[PDB]
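Below you'll find the structure, written out as structure tokens, and then a few comments.
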Amino acid sequence: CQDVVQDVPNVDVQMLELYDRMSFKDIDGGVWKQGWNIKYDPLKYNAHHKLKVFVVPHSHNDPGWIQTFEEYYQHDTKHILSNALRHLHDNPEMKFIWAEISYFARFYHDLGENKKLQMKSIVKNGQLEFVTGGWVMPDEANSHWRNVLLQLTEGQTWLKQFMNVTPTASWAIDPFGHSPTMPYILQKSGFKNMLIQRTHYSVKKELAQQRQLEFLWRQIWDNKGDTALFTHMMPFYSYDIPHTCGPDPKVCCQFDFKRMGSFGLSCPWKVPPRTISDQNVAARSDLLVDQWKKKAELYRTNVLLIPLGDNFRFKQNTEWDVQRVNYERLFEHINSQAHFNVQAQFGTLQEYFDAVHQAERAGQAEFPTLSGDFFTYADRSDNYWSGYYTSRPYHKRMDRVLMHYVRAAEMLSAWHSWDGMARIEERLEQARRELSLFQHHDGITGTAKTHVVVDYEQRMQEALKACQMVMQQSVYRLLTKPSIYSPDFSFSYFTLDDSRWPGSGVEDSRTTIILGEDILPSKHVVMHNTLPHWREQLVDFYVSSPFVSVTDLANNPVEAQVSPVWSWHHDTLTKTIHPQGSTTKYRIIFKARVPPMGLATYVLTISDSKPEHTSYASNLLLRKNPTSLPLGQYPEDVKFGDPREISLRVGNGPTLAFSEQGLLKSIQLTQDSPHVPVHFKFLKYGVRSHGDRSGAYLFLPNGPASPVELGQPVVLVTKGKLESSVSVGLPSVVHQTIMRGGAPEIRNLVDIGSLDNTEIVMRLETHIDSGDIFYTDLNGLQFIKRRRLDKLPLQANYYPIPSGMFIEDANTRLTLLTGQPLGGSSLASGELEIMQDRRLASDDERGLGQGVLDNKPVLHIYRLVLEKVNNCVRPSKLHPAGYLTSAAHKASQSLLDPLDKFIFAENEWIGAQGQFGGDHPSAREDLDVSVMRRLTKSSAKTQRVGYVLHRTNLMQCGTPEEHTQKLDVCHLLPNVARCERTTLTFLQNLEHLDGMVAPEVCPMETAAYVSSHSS
Ligand SMILES: *[C@@H]1O[C@@H](CO)[C@@H](O)[C@H](O)[C@H]1NC(C)=O
Ligand SMILES: OC[C@H]1O[C@H](O)[C@@H](O)[C@@H](O)[C@@H]1O
Ligand SMILES: [Zn+2]
């Protein structure tokens, strides 16, 4: 294994380093507004050294944006693909590249058999070429790496089966900034080349000047370079035709032949395209070749890429003809005029890359190495695209919930082969596709139109239901005596119980377990643990009585705590936000202990009076002017008091102090230790009253945030043996700090209401001496060092927080982990902040044509980890990466992959078993089984099960490692006949494994394995 901590990679371009040196001045560069007047030596190309030009036709198709997926498919995309089929069929020299497999599968599935055969033939012969081949072209900021892999696999699996092809070149022209998570996954999935477009205009200018637009992109911790993927960054402002032939869009627009009038398009530079004829071809070629040669100066080989397309292009018949015919006239003249020393043709992306590497292999060019990311994107001036890190946060949170449900459903059902009647494969495919779709750069980003957002939500809700069905059928099968097991595959044996989605105050969706001495004395519940190690976690259920005790299936008592069910109401009468307690239901909380990748059964039993092993939380309502809060049968009376500072300690854990406003003030790690100042504060950003307005994409604050005026909020304190909390009703936020004896859990019920042109931020203020340094993660995969740059505006210092962020000094670290992607920063030494929601009245001129006014209540969840780090082995000052501690990593897992909870849905579960997976290896804490998926249907003689194994890297801080078992995924299922290492998509075998044993992977590495079994 490479050491990912101690060796700083030597790269030609390191993006943090580059950022620190670059000036970012937005000067008018001339016709190339953000560059300079490119000059070239006309003698550079000659008879023995021509410029080879590849014109690559394309059509950018959004799986939802202004219209829904189905709306665009009917109105645009089906016609684009129908016309691509006809035109490439009829014109053997024409070429086309296709990215979005969601649309292609939809199209192909509907084709008659004759047309399917024509399609396969134009793919086989190289005319139509798939680039990337993911279900979508995903967002790279907010997306979890697990979902990037999911959508990639979904599209490429379809492509393999039906098209007999696996793309090795990637095309990402529209995501708003770019992540190194992409080459990480792609290089581990057989890719050899990738292309990106949306990077900061200053970065384009800088890399162009050094001819560093093509580079070997390696991971920030990769000293050796085996992660490297050849990357082509496009140089200009857009992927559109005007910004792809060369530096001058006034000229380039004249070679978009769709802009002459009849298609209702034109050139904003006031010079139209003209039909090419024998009388203008020479002057037209003069102009075009001059653009090409200027573009070529920015790169190192004699092979030039010329994208030809735009959004939903190549729709009409006549469009194909007008582009093709005019370009071919230009090619015939240009190629036959020796003095140009050019050979131009239509090409695909792979053709371009193949030729580039041929040039490379002939000693013609050597490429620079690079590490780092390409956030935060600005396309012009101070217009930084940090708004979409937060936009539509409800759906961002939903993404993470569905992420886990898909994993849990695939894992739980993978243990068995299923009859076709069970419709397991069907339900899983549906869920994978809907989650995959949401990865689109207008999905999770929250940059789609309101009705499109609703469509994504509906699609995700159906996916959730599908996952629930598969999960509960799987639990019933895994925990029932086989000779008793009697499935009705449409029946609900268990209902899922999710405490945090949609969340208390968002939706009353949770069922109460209804017990009574005259109705039902007891209820079986089951916990699932998708993680490959033994796990304890507190779990809660609603019950119709506070007199309930908990046992395991050996009938051993389990210590439990009962608390009231509190809901917060903005009372329009009193104008306060205050809690009401249920008089008919209660929360029972207990510690579940569940095997690695396994299940554990418990029983909740009613009694007449207080059970021996159940305790009751005290409650304290802090408020001037209190009124009574009756709690039905709850055995302990609510106390009242004037607002005051409070202090709480659960277990042996930290002691937390709170202000009289109910907000964290300090954390004391142990009995003796200092009360370390850690203050939560809620603030608000506004919008500019003139100049550019914030929208779904852009964050353009009118200065630093101002404190939310809190008034005298109502604070509710609940104190229990197992769990305590402080909740406070703030304007727009019910803020909750929960304690269970380790790092606190934070929950925000965020309802921005009708507060227009407001962004709500949650800030942490400490005295940690972090200076201008902070760390944020990329796609839940890695943590990257950020440096606050005061030479950049506030919105430029905002970064994606897809899963976590931290600050540290020599001695102390504060880490905030999230259960949802949001935007955030550290705008001053000792601070962390993260945006909660934003409501914007105006459009920000990127095509959406609307503000963001469709906010809905969302339960944000976090863990807050204060640690001493003076004993930790950290990377040197010059290393671009950071690493979590064991505790911070476990905290992230608790948010993203909690125990799943199942309530048995009938009165009696006949043949119930107590446990599943007690013999599963409990693997080292840094290792995860990210994916377990059965890859064959029941009729396959040889069964195959695919596993994705990921190892993170945790800091060595002097905690001795616990004894753990080697995890060999190929022996998790019986009767193994083969173990293969594969690409991460499972589509290519890379290594036949001796002894049928799957090795564990190295820190920061990800491997895939497929075990084969005799049926
Ligand atoms: C898939 O493509 C090829 C491998 O590159 C052929 O070897 C193989 O026959 C093909 N499968 C077909 C054409 O059905
Ligand atoms: O301007 C932002 C915008 O870029 C492109 O035009 C699109 O195709 C969209 O997906 C995206 O939202
Ligand atoms: Zn797009």
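Labels used: A, B, ... for chains in the order of the structure tokens, numbers from 1 for residues in each chain, and numbers from 1 for ligands as shown.
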Note to self: Give me, as a VMD selection string, the residues of region 17-92 of chain A that a backbone DSSP run labels helix (DSSP H, G or I).
What the structure shows: chain A and resid 17 to 21 69 to 90
Could those selected residues go to a file with N, CA, C and O atoms, as a compact mmCIF listing (two decimals), in the first residue's frame?
# COMPACT_ATOMS: atom_id res chain seq x y z
N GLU A 17 -2.10 25.00 -4.59
CA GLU A 17 -0.89 25.77 -4.82
C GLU A 17 -1.14 26.80 -5.93
O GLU A 17 -0.83 27.97 -5.76
N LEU A 18 -1.76 26.36 -7.02
CA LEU A 18 -2.08 27.24 -8.14
C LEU A 18 -2.98 28.37 -7.69
O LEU A 18 -2.68 29.54 -7.95
N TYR A 19 -4.05 28.03 -6.97
CA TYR A 19 -4.97 29.03 -6.40
C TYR A 19 -4.27 30.11 -5.55
O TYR A 19 -4.63 31.29 -5.60
N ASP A 20 -3.26 29.70 -4.79
CA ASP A 20 -2.55 30.60 -3.89
C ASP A 20 -1.70 31.63 -4.66
O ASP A 20 -1.52 32.77 -4.21
N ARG A 21 -1.18 31.23 -5.82
CA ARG A 21 -0.36 32.10 -6.66
C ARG A 21 -1.14 32.94 -7.67
O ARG A 21 -0.70 34.04 -8.00
N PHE A 69 -38.03 14.68 -17.56
CA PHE A 69 -37.47 13.63 -18.41
C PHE A 69 -38.43 13.22 -19.53
O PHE A 69 -38.06 13.24 -20.70
N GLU A 70 -39.66 12.82 -19.17
CA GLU A 70 -40.60 12.35 -20.19
C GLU A 70 -41.02 13.45 -21.19
O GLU A 70 -41.20 13.18 -22.37
N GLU A 71 -41.16 14.68 -20.70
CA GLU A 71 -41.51 15.80 -21.57
C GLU A 71 -40.42 16.06 -22.61
O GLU A 71 -40.70 16.13 -23.81
N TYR A 72 -39.17 16.17 -22.16
CA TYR A 72 -38.06 16.31 -23.10
C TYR A 72 -37.97 15.10 -24.05
O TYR A 72 -37.71 15.27 -25.24
N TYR A 73 -38.12 13.89 -23.51
CA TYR A 73 -38.05 12.71 -24.37
C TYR A 73 -39.05 12.78 -25.53
O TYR A 73 -38.68 12.58 -26.68
N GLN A 74 -40.31 13.10 -25.21
CA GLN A 74 -41.36 13.19 -26.24
C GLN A 74 -41.16 14.34 -27.21
O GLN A 74 -41.39 14.20 -28.42
N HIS A 75 -40.75 15.48 -26.67
CA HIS A 75 -40.70 16.73 -27.43
C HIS A 75 -39.41 16.91 -28.22
O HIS A 75 -39.39 17.63 -29.22
N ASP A 76 -38.34 16.27 -27.78
CA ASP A 76 -37.01 16.60 -28.30
C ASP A 76 -36.18 15.36 -28.57
O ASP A 76 -35.82 15.07 -29.72
N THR A 77 -35.87 14.63 -27.51
CA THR A 77 -34.86 13.59 -27.54
C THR A 77 -35.22 12.40 -28.42
O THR A 77 -34.34 11.81 -29.06
N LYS A 78 -36.50 12.01 -28.43
CA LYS A 78 -36.86 10.88 -29.30
C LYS A 78 -36.64 11.26 -30.77
O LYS A 78 -36.24 10.42 -31.57
N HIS A 79 -36.89 12.53 -31.10
CA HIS A 79 -36.67 13.02 -32.47
C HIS A 79 -35.18 13.15 -32.79
O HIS A 79 -34.77 12.80 -33.87
N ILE A 80 -34.38 13.66 -31.84
CA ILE A 80 -32.92 13.69 -32.01
C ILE A 80 -32.36 12.29 -32.33
O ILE A 80 -31.58 12.10 -33.28
N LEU A 81 -32.76 11.30 -31.54
CA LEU A 81 -32.24 9.93 -31.73
C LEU A 81 -32.82 9.23 -32.96
O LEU A 81 -32.13 8.47 -33.65
N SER A 82 -34.10 9.48 -33.24
CA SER A 82 -34.69 8.96 -34.46
C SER A 82 -33.95 9.53 -35.68
O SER A 82 -33.59 8.80 -36.60
N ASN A 83 -33.69 10.83 -35.65
CA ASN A 83 -32.94 11.47 -36.73
C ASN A 83 -31.47 11.08 -36.80
O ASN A 83 -30.93 10.98 -37.90
N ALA A 84 -30.84 10.84 -35.64
CA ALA A 84 -29.46 10.32 -35.62
C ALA A 84 -29.39 8.95 -36.30
O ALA A 84 -28.50 8.69 -37.14
N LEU A 85 -30.32 8.07 -35.96
CA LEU A 85 -30.40 6.75 -36.59
C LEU A 85 -30.52 6.86 -38.13
O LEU A 85 -29.71 6.30 -38.86
N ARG A 86 -31.49 7.62 -38.61
CA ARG A 86 -31.68 7.80 -40.05
C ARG A 86 -30.44 8.41 -40.73
O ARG A 86 -29.97 7.90 -41.75
N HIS A 87 -29.93 9.49 -40.17
CA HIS A 87 -28.86 10.22 -40.82
C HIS A 87 -27.55 9.51 -40.84
O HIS A 87 -26.90 9.51 -41.87
N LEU A 88 -27.15 8.90 -39.72
CA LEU A 88 -25.92 8.10 -39.71
C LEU A 88 -26.08 6.87 -40.59
O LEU A 88 -25.16 6.50 -41.31
N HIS A 89 -27.26 6.25 -40.56
CA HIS A 89 -27.51 5.13 -41.46
C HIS A 89 -27.23 5.55 -42.91
O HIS A 89 -26.48 4.86 -43.60
N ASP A 90 -27.77 6.70 -43.32
CA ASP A 90 -27.78 7.12 -44.73
C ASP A 90 -26.45 7.73 -45.17
O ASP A 90 -26.16 7.78 -46.36
Margin query: Show me which residues line ligand 2, defined as having an atom within 8 Å of a ligand atom where only C-alpha atoms and all ligand atoms count, and present them as a VMD selection string.
Written below: chain A and resid 60 to 62 65 174 to 176 311 441 to 442 447 to 448 697 845 to 848
Notebook entry, point to check: Got a sec: who's within 10 Å of residue 467 (chain A), counting only C-alpha atoms, leaving out chain neighbours fewer than 5 positions off, as a ChimeraX atom specification?
Noted result: /A:402,404-410,424,427-428,430-432,461-462,472
Next item on the list: Give me, please, the distance in Å between CA of residue 230 (chain A) and CA of residue 341 (chain A), quoted to one decimal.
Entry: 27.2 Å
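Using only C-alpha atoms, the protein and nucleic acid residues lying no more than 9 Å from residue 398 (chain A), apart from those fewer than 2 places from it along its own chain, are residues 393, 394, 395, 396, 400, 401, 402, 403, 457, 460, 501, 502 and 820 of chain A.
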Residues as selected, N, CA, C and O atoms, written as a short mmCIF file (atom, residue, chain, number, x, y, z; two decimals), in the first residue's frame, can you do that?
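Below is the file out38.cif, written as the result:
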data_model
loop_
_atom_site.label_atom_id
_atom_site.label_comp_id
_atom_site.auth_asym_id
_atom_site.auth_seq_id
_atom_site.Cartn_x
_atom_site.Cartn_y
_atom_site.Cartn_z
N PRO A 393 -32.82 21.90 -0.68
CA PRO A 393 -32.13 21.04 0.29
C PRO A 393 -33.00 19.85 0.70
O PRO A 393 -32.46 18.85 1.15
N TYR A 394 -34.32 19.95 0.53
CA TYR A 394 -35.21 18.82 0.86
C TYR A 394 -34.78 17.61 0.04
O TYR A 394 -34.63 16.49 0.57
N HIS A 395 -34.58 17.85 -1.25
CA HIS A 395 -34.27 16.78 -2.18
C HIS A 395 -32.82 16.34 -2.10
O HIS A 395 -32.51 15.20 -2.39
N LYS A 396 -31.94 17.25 -1.67
CA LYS A 396 -30.56 16.88 -1.41
C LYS A 396 -30.51 15.85 -0.27
O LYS A 396 -29.75 14.88 -0.33
N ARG A 400 -29.59 11.28 -0.04
CA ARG A 400 -28.84 10.47 0.90
C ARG A 400 -29.69 9.36 1.55
O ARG A 400 -29.20 8.25 1.82
N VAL A 401 -30.95 9.67 1.81
CA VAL A 401 -31.84 8.65 2.36
C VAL A 401 -32.04 7.50 1.33
O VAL A 401 -31.89 6.33 1.66
N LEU A 402 -32.36 7.87 0.09
CA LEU A 402 -32.54 6.86 -0.94
C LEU A 402 -31.23 6.10 -1.23
O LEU A 402 -31.26 4.90 -1.46
N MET A 403 -30.11 6.81 -1.17
CA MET A 403 -28.80 6.17 -1.33
C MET A 403 -28.67 4.94 -0.43
O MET A 403 -28.34 3.84 -0.88
N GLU A 457 -38.98 14.15 -7.19
CA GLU A 457 -39.47 13.73 -5.87
C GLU A 457 -40.41 12.51 -5.94
O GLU A 457 -40.28 11.56 -5.17
N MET A 460 -38.50 9.49 -6.78
CA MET A 460 -37.74 9.04 -5.62
C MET A 460 -38.62 8.38 -4.55
O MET A 460 -38.20 7.42 -3.92
N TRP A 501 -36.52 10.54 8.44
CA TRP A 501 -37.01 10.89 7.10
C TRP A 501 -38.46 10.46 6.91
O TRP A 501 -38.76 9.30 7.13
N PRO A 502 -39.37 11.36 6.50
CA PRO A 502 -39.10 12.79 6.27
C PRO A 502 -38.74 13.64 7.50
O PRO A 502 -38.19 14.74 7.34
N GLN A 820 -26.71 15.30 4.53
CA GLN A 820 -27.20 15.90 3.31
C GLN A 820 -26.11 16.83 2.74
O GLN A 820 -25.36 17.45 3.51
#
Next item on the list: Please run DSSP on the backbone and report, as JSON, numbers by chain, all residues within region 570-755 of chain A that come out as strand (DSSP E or B).
Entry: {"A": [570, 571, 576, 577, 578, 579, 580, 581, 582, 583, 584, 585, 586, 587, 588, 589, 590, 591, 592, 593, 594, 598, 599, 600, 601, 602, 603, 604, 605, 606, 614, 615, 616, 618, 619, 620, 621, 622, 639, 640, 641, 646, 647, 648, 649, 655, 656, 657, 658, 664, 665, 666, 667, 668, 675, 676, 677, 678, 679, 680, 681, 682, 683, 684, 685, 706, 707, 715, 716, 717, 718, 719, 724, 725, 726, 727, 728, 729, 730, 733, 734, 735, 736, 737, 738, 739, 745, 746, 747, 748, 749, 750]}
Next item on the list: Taking only C-alpha atoms and all ligand atoms into account, report as a list in words which residues have an atom no farther than 8 Å from an atom of ligand 1.
Entry: residues 124, 164 and 165 of chain A
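Taking CA of residue 355 (chain A) and CA of residue 121 (chain A) as endpoints, the distance between them is 23.6 Å.
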Note to self: Which residues are close to residue 866 (chain A), i.e. within 12 Å by only C-alpha atoms, leaving aside same-chain residues fewer than 6 positions away? Reply as a count of residues only.
What the structure shows: 34
Within 9 Å of region 951-967 of chain A, counting only C-alpha atoms, which residues qualify if same-chain residues fewer than 4 places away don't, as a PDB file with C-alpha atoms, in the first residue's frame?
ATOM      1  CA  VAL A   4      -1.579   8.317   1.842  1.00  0.00           C
ATOM      2  CA  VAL A   5      -0.488  10.555   4.691  1.00  0.00           C
ATOM      3  CA  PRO A 532     -19.544  -4.988   7.853  1.00  0.00           C
ATOM      4  CA  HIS A 533     -18.836  -4.686  11.569  1.00  0.00           C
ATOM      5  CA  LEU A 781     -14.906  10.062  -0.756  1.00  0.00           C
ATOM      6  CA  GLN A 782     -12.002  12.220   0.387  1.00  0.00           C
ATOM      7  CA  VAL A 869      -5.538  15.976  17.651  1.00  0.00           C
ATOM      8  CA  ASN A 870      -2.090  16.797  19.089  1.00  0.00           C
ATOM      9  CA  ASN A 871      -1.287  13.085  19.212  1.00  0.00           C
ATOM     10  CA  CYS A 872      -2.476  12.333  15.679  1.00  0.00           C
ATOM     11  CA  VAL A 873      -0.099  11.547  12.849  1.00  0.00           C
ATOM     12  CA  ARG A 874      -1.175  14.178  10.326  1.00  0.00           C
ATOM     13  CA  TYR A 883      -8.133  12.649   7.109  1.00  0.00           C
ATOM     14  CA  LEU A 884     -10.912  11.913   9.658  1.00  0.00           C
ATOM     15  CA  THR A 885     -10.473  10.283  13.034  1.00  0.00           C
ATOM     16  CA  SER A 886     -12.079   7.025  13.933  1.00  0.00           C
ATOM     17  CA  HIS A 889     -15.718   8.520  10.558  1.00  0.00           C
ATOM     18  CA  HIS A 920     -20.283 -12.585   9.442  1.00  0.00           C
ATOM     19  CA  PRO A 921     -16.690 -11.355   9.802  1.00  0.00           C
ATOM     20  CA  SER A 922     -16.485  -8.061  11.715  1.00  0.00           C
ATOM     21  CA  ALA A 923     -14.046  -6.169   9.574  1.00  0.00           C
ATOM     22  CA  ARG A 924     -11.643  -3.338  10.451  1.00  0.00           C
ATOM     23  CA  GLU A 925     -13.415  -0.039  11.036  1.00  0.00           C
ATOM     24  CA  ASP A 926     -11.960   1.771   7.979  1.00  0.00           C
ATOM     25  CA  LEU A 927     -13.322  -0.906   5.582  1.00  0.00           C
ATOM     26  CA  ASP A 928     -16.820  -0.868   4.092  1.00  0.00           C
ATOM     27  CA  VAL A 929     -18.848  -3.145   1.789  1.00  0.00           C
ATOM     28  CA  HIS A 971     -16.678 -16.522   0.998  1.00  0.00           C
ATOM     29  CA  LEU A 972     -19.718 -14.621   2.414  1.00  0.00           C
ATOM     30  CA  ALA A 998     -10.773 -11.609  -2.153  1.00  0.00           C
ATOM     31  CA  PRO A 999      -7.892  -9.587  -0.674  1.00  0.00           C
ATOM     32  CA  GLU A1000      -8.797  -6.506   1.374  1.00  0.00           C
ATOM     33  CA  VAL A1001      -7.928  -3.201  -0.285  1.00  0.00           C
ATOM     34  CA  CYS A1002      -5.464  -0.467   0.680  1.00  0.00           C
ATOM     35  CA  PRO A1003      -6.320   2.809   2.484  1.00  0.00           C
ATOM     36  CA  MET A1004      -8.205   5.150   0.098  1.00  0.00           C
ATOM     37  CA  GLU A1005      -8.657   2.347  -2.422  1.00  0.00           C
ATOM     38  CA  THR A1006     -11.765   0.760  -3.874  1.00  0.00           C
TER      39      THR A1006
END
